[PDB]
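K.L.:
Following this message is one structure expressed as structure tokens.
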Amino acid sequence: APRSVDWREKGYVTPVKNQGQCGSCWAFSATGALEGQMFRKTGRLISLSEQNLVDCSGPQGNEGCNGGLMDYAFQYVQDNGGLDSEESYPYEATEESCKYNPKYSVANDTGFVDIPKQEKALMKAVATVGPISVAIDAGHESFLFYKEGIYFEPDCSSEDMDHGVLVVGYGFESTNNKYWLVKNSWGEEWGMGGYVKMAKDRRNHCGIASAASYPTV
Ligand SMILES: *C(=N)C1(NC(=O)[C@@H]2C[C@@H](S(=O)(=O)c3ccccc3Cl)CN2C(=O)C2(c3ccc(F)cc3)CC2)CC1
């Protein structure tokens, strides 16, 4: 694979969003990945509706503002035959009745791919596909209060993940210096404009390769 990848530089990635006081991280991870794959396919970047996922993907197993899985979101989009745009179905950070309207659908998917649970495989996938949904262990004050540089938490778990985010690339600092470029959903005042550089090739730090996946389109 290349030594560095950054899909943001190719137009694959919407600006950093903010989930607010709703446990919808999984919905932002899933819209991020689908935004990327729709861009790959069509050349058009259109921001997608997390609220549509929050309100409507219960049947697939998601739990609204209480949590969910990116693969269940990808399944919803396939089952449903569409997903509305962010503009048409804006984000409210609370649960409400499903208001999906097929007239405003701007995305589709045909399923999803679960990546092997190794960082080499995750790198392969990022290098070829685009941005990738990942699970991480973000349950640490060091993460909540992260500002700069490559994030490494000695007490991170590779099994107990609690937050869905989006890998948009990877690289290295200087010339234990590799990182994953990770888009969060906590607004642009957290981290590096809303991004974190997660330690890469340090034995699956924080579980970043433990539940990685993307939608097929
Ligand atoms: C986001 N605001 C919150 N976190 C979750 O909803 C996370 C997202 C996924 S994950 O990325 O952690 C994960 C973990 C293991 C395997 C696959 C994935 Cl995609 C699930 N989340 C959770 O916190 C858990 C969960 C699992 C199943 C479920 F139905 C609801 C939650 C505990 C793993 C809401 C804080």
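Order determines the names: the first chain of the structure tokens is A, the second B, and so forth; residues in each chain are numbered 1 upward, and ligands are numbered 1 upward as they are shown.
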Using only C-alpha atoms and all ligand atoms, which protein or nucleic acid residues are at most 8 Å from ligand 1, as a ChimeraX atom specification?
P.N.:
/A:19,22-26,61-63,65-71,133-137,159-165,210-212
K.L.:
Contacts of range 141-148 of chain A at 7 Å or less, counting only C-alpha atoms, minus same-chain residues fewer than 2 places along, as a list in words?
P.N.:
residues 138, 139, 150, 190, 191 and 192 of chain A
K.L.:
Write a file of the just-selected residues containing N, CA and C atoms, as a CSV table (one decimal), in the first residue's frame.
P.N.:
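So the final result, stored in result-v4.csv, reads:
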```csv
chain,number,residue,atom,x,y,z
A,138,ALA,N,-13.0,4.6,22.9
A,138,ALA,CA,-12.9,6.0,23.2
A,138,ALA,C,-13.2,6.4,24.6
A,139,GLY,N,-13.4,5.4,25.5
A,139,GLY,CA,-13.8,5.6,26.9
A,139,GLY,C,-12.7,5.9,27.8
A,150,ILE,N,-0.2,12.3,18.1
A,150,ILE,CA,-0.6,10.9,17.9
A,150,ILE,C,-1.1,10.4,19.2
A,190,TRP,N,-13.2,19.8,19.2
A,190,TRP,CA,-12.5,18.7,19.8
A,190,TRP,C,-11.3,18.2,18.9
A,191,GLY,N,-10.2,17.9,19.5
A,191,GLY,CA,-9.1,17.3,18.7
A,191,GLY,C,-8.5,18.3,17.8
A,192,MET,N,-8.1,17.8,16.6
A,192,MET,CA,-7.4,18.6,15.6
A,192,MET,C,-8.5,19.0,14.6
```
K.L.:
In range 35-106 of chain A, what's strand (DSSP E) per DSSP? Answer as a list in words?
P.N.:
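Written out, the strand (DSSP E) residues of range 35-106 of chain A are residues 83, 84, 105 and 106 of chain A.
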K.L.:
So that I can check the surroundings of range 45-60 of chain A, please list as number ranges by chain every protein, DNA and RNA residue that reaches within 8 Å of it, counting only C-alpha atoms and ignoring chain neighbours fewer than 5 positions away.
P.N.:
A: 11-14, 24, 27-28, 31, 35-36, 38-39, 65, 72-73, 75-76, 83-93, 95-100, 106-107
K.L.:
Set the distance at 9 Å and use only C-alpha atoms: which residues neighbour residue 118 in chain A once local chain neighbours fewer than 4 positions away are removed? I'd like the list as a PyMOL selection string.
P.N.:
chain A and resi 122-123+203-204+208-210
K.L.:
Just how far from CA of residue 193 in chain A is CA of residue 125 in chain A, in Å to one decimal?
P.N.:
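Between these atoms lies a distance of 24.6 Å.
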K.L.:
Can you work out which one of A:101, A:4, A:216, A:176 has the shortest atom-to-atom distance to residue 82 in chain A, counting only C-alpha atoms?
P.N.:
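Closest residue, counting only C-alpha atoms: A:101.
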K.L.:
One number please: CA of residue 74 in chain A to CA of residue 213 in chain A, in Å, one decimal.
P.N.:
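Computing it gives 9.7 Å between the two atoms.
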K.L.:
Pull the alpha helix (DSSP H) assignments for range 4-88 of chain A out of DSSP run on the backbone, and list those residues as a PyMOL selection string.
P.N.:
chain A and resi 25-42+50-56+70-80
K.L.:
Of the candidates A:194, A:131, A:40, A:214, which shows the shortest atom-to-atom distance to residue 113 in chain A, using only C-alpha atoms?
P.N.:
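Ranked by minimum distance to residue 113 in chain A, first place goes to A:214.
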